[PDB]
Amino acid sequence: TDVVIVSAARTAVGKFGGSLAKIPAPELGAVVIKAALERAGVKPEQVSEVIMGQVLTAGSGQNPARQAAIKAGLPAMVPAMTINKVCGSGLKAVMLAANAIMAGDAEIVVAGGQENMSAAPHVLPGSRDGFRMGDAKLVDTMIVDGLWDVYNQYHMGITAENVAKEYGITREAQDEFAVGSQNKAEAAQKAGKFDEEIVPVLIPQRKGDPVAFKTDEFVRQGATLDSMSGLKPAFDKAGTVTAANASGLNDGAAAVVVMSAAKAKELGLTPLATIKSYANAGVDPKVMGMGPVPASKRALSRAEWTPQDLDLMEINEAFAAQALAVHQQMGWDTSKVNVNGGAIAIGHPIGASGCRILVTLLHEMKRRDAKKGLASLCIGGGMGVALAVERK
């Protein structure tokens, strides 16, 4: 069974504390689910299943993905499920949709991710037992559930330093990479390249009608090497990783509609692309930033493609240090990677990024008529995911 992607939509990515800060992750998920379905020409009642990635769910309520589906106007008859494979979540959702379609378990699946990093709360562990004596800890759920390695008990930013050391990725190289990402996202924005893929979110106002938010507000305009080389290291005073060469903390959602090629044909729909292959992989948690290498190799092996066969790629930029090490290990043409900027510039709403880069990939493939594409992400805890698509 061939699986196709018939539509793709994303929100603009919000700055930390920015335009999307007050909009719960399921509400952002609902925007994209509703829009993806309208773009596909698929009625909500024809949907078999919704699968949404969301990593930060403390106090979010029962099954965020169901909440998104119901807010999108899908009937109660359509079941949904929430998944968490850290940054891989939103791409893993598409893989699960594909597995389900191939197995005959589902016909039409909406798959993506949703995240509001702004709104994540603090948690009080042991609050049931009480605190008999001395000071106690209110823990940042964004950090502990999203950005902290369990096995080594340090920040993701330290894994990035481990990678920069292991693979010889200098500060200067990372900064040059980050300026490239800002510069590409700025040119893409100015050329109108995100216009089609972005679906507006209506932001309620104190007085008057709500206002659409529809622009990637985290992108820096006129970014230069100098504005970066002055910064100090964020995670280790002898380190290379700064706020400027790492992605941000952000808010957003993305979704695609997936179905069998036969279902699309039955419905008269023209696919955007066919799912060619996908894979996951695991690596040591200390170097999680390298997960895309074994995952992309496996996805490419399953597709029967070489890295040279690829026309375009979206490799998520959690840290310039790992993105460079990935490109070094893969050996592919870096001029075809993240051609409209990456997460350093656009932002990184963790559970949504996997699907956000796929949505960006698909829209650029059509614009330049590229045929073979790949999306891949690293994953905290030492994993990678990758997914290959082909256009006729």
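Numbering starts at 1 and runs along the sequence shown.
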{"query": "Average Cα temperature factor in the PDB entry - higher stretch of 126 to 134, 261 to 269", "finding": "126 to 134"}
{"query": "Between 168 to 176 and 232 to 240 (mean CA B-factor, as deposited), the higher", "finding": "232 to 240"}
{"query": "Candidate set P292, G90, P285, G222 [ranked by C-alpha B-factor, highest]", "finding": "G222"}
{"query": "Selection by C-alpha B-factor (highest) of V109, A191, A281, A103", "finding": "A191"}
{"query": "Chain-wide C-alpha B factor ranking for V13, given as lowest, middle or highest third", "finding": "middle"}
{"query": "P26 - Cα temperature factor, lowest/middle/highest third of chain", "finding": "middle"}
{"query": "Third assignment of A303 from its chain's C-alpha B-factors", "finding": "lowest"}
{"query": "Third of the chain, ranked by Cα B-factor, where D309 sits", "finding": "middle"}
{"query": "CA B-factor ranking of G73, expressed as a third of its chain", "finding": "highest"}
